[PDB]
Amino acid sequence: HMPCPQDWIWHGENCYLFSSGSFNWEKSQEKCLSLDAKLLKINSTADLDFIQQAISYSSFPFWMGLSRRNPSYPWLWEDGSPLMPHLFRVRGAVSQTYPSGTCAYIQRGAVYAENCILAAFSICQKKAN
């Protein structure tokens, strides 16, 4: 049939969808689930290269699926898998403890840690047919 639905970008084995507006991590997490998708999950250097290129026209922040309760907990994706250490280093204030947890976002090709209640753009991803 067709690899990706309308409005989505087909890349490799996945479909990517940029959000129309800025919402908190919980709102972005919910939006992806409603479209049978998860938030952005980076599994390879090729995935990171594609995402940095697709966000090269934006100076805005983009919420990914990586998050943790506090610095004593590990960085995990929505499905419960861990982050591959070689892919990228989470910069910024990683040692801070926020009441709604610490969520990871990508901005200008770099990944930074931040409070989950902040409004930011998002990228949803799902398997391509």
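In this text, the rigid core denotes the largest set of C-alpha atoms whose superposition between the two forms falls within 1.5 Å. One-based numbering along the sequence shown.
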Do the Cα atoms of 96-104 stray more than those of 30-38 in 7 other deposited structures of this protein, or is it the other way round, with the core held fixed? 96-104
Mean Cα B factor from the PDB record: higher for 83-91, or higher for 34-42? 83-91
Greater mean Cα temperature factor according to the PDB record, 73-81 or 56-64: 73-81
Among all modelled residues of this chain, ranked by Cα B factor, put residue 129 in the bottom, middle or top third, i.e. lowest, middle or highest. highest
